[PDB]
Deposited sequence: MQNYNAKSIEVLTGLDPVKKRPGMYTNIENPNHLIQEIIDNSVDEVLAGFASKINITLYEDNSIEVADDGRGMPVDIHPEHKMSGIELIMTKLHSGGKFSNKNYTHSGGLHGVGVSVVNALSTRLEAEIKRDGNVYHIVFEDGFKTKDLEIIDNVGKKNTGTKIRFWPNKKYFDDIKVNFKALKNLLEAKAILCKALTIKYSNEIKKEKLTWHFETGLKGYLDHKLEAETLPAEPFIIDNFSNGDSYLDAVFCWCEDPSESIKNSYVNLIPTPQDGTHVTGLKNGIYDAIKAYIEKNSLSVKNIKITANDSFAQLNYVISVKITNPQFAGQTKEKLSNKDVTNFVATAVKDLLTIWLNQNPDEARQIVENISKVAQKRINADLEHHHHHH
């Protein structure tokens, strides 16, 4: 918030490849999903509905509070227009892109917002408003939501066809990580509907893709920070997420799982026996054969460099570590035969490193 930056859309139209992946419009669809996901994470949306039409438009709808429409004092336009028609960025010092990138790279965009008993409607073309915000209908006060339909512009894309298969993979991936979410998908070209809703979240996922029944951390929290995790050892899946988006280069949340596991194995070796007390085991050793998914839900996810691929928040590391240690120790201290096996294989990895 120290520096706030506001431009028009020309830099996006001039270098589309710096604001999206231009093979197809999927990344644009991702921008819209991400916003609707932020409304799920804030506790207000439970439903994300996606439609692919035969005219090659894409519609995404949620049942959240609805994108605000109040007039900005300084900019003299509604929230929906302000967010759609200008590039928003900023930070702490100089030297995610926003839905305006989708508006910019689209010949047409329509927004329907339900709030405060009103159905609002607005239309853009090539990133400029062309039909004013207007109340077109009325509705129950608790009938709320945001719905965006957009028409990707062929001049900015190698192909206007949506890659359906990757879109489906992505939606499933997200529904897995948020049990309070139900995602629906309708492809009117292929005549195909899907519904993803995972009541037990990640349960069973590792099994499908020691302990024999993998360990699950189920919605652990400290204030406005949430942790879901599943892991086991094996002879491979190693996925981590922040706010439902992959962190292919790990970070503080992973280091958190790593340290929390080490601490748990080290303490258990110390408090038991197993002829392993004299083996110099490392965090790396107890992590070596670990298969897991960890998914954290935090307030202001800070990342590495200028990209969003490695979580940096220096206090997530001990948020995860402490939780993993406590939960895993409890489990170790009620599963004797398997603890012993986990410990032994870990010692084996350590001895092979030392030799």
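Counting from 1 along the deposited sequence, give me every gap where there's no C-alpha, start to finish. No C-alpha coordinates exist for 1 to 6, 102 to 111, 226 to 230, 257 to 260, 381 to 390.
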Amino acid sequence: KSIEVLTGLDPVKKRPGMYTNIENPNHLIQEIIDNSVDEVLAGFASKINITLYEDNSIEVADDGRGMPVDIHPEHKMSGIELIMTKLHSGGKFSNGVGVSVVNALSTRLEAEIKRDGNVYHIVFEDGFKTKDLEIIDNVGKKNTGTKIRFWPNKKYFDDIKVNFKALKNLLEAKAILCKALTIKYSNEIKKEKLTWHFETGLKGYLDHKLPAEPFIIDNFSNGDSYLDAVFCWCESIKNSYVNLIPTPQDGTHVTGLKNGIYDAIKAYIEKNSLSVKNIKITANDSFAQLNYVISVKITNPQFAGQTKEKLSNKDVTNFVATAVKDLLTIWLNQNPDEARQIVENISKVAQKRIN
From here on, numbers count along this sequence of modelled residues.
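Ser221 dropped from a third or more of the other entries of this protein: No, none of the compared structures omit it.
In a third or more of the other compared PDB entries with flanking residues modelled, does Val123 go missing? That residue is present in all of the other compared entries.
Going by the B-factors listed in the PDB entry, is the mean over the C-alpha atoms higher for 257 to 265 or for 111 to 119? Higher mean C-alpha B-factor in the PDB entry: 257 to 265.
Higher mean Cα B-factor in the deposited model: 247 to 255 or 193 to 201? Looking at the recorded C-alpha B-factors, 247 to 255 comes out higher on average.
Which one, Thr182, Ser106, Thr146, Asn219, has the peak C-alpha temperature factor per the PDB entry? Result of the comparison over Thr182, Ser106, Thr146, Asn219: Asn219.
Could you say which of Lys310, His27, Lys47, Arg65 has its CA atom at the highest B factor, as listed in the PDB entry? Top of the list by C-alpha B-factor: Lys310.
Split the chain's modelled residues into thirds by Cα B-factor; is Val60 in the lowest, middle or highest one? It belongs to the lowest third of the chain when residues are ordered by C-alpha B-factor.
By its CA B factor, does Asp34 count among the lowest, middle or highest third of the modelled residues in the chain? It belongs to the lowest third of the chain when residues are ordered by C-alpha B-factor.
Would you check the entry's CA temperature factor for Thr7 and let me know if it's in the chain's lowest, middle or highest third? Answer is lowest: the recorded C-alpha B-factor places it there.
CA B-factor ranking of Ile330, expressed as a third of its chain: Its C-alpha B-factor, which the entry lists for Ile330, ranks in the highest third among residues of this chain.
Compare the C-alpha B factor of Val296 with those of the other modelled residues in its chain, then answer lowest, middle or highest third. It belongs to the middle third of the chain when residues are ordered by C-alpha B-factor.
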